[PDB]
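Here we start with a single chain on its own, the form deposited in one PDB entry, put down as structure tokens.
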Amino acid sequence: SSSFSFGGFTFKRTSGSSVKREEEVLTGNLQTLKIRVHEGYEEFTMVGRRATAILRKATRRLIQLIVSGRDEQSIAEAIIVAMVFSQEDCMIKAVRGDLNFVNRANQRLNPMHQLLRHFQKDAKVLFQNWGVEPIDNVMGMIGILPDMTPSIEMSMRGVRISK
């Protein structure tokens, strides 16, 4: 039906539904945010000049993120955007400080953009609370660790690398 841009990446759905839903979450700084949650399985591609990815997800959970990029750091940039987009609660909980990002008109960025801006600042807490898991490298799936170390043994939950 159509694309969009978020976090410096063009998104493009390739399966799943666009119904809305409101939910209140609580950050790790005890601030309340009101977010628009897509309930159901949806699948997107993500494209930016130094990385591209496939993102599969369901309700407030990332199923799978396969990413390719020029290197570890361009790959990390794809990962942070997908984690924020996932909307998972370990993501919401990784927030420190109040989020009050604004445009040049002193209007609030929307809640999703509040999260994105926070984690673009720095994703260390995000990555450390996300969860790691074993990988099968007999299937060619490369892993990446919370510190950006590539590994053939583990990876941050749901994340795999392919270039």
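For every residue, the number given is its place in the sequence shown, counted from 1.
There is another form of the same protein, the form solved in complex with a small molecule; it is not shown, and what comes next is about it.
Student: Given that the partner is absent here, state which listed stretch (119-127, 38-46, 92-100, 63-71) has heavy atoms within 4.5 Å of the small molecule in the deposited bound form.
Tutor: Contact criterion met by 38-46 only.
Student: Can you check whether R56 is within 4.5 Å of the small molecule in the deposited bound form, heavy atom basis?
Tutor: Although the small molecule is absent here, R56 would stay clear of it in the deposited bound form, with no heavy atoms inside 4.5 Å.
Student: Can you tell me whether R21 touches the small molecule? I mean in the deposited bound form, with a 4.5 angstroms heavy atom cut-off.
Tutor: The answer is no: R21 has no heavy atom within 4.5 Å of the small molecule.
Student: Should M112 be counted as a contact of the small molecule in the deposited bound form, where contact means heavy atoms within 4.5 Å?
Tutor: Yes, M112 is a contact residue.
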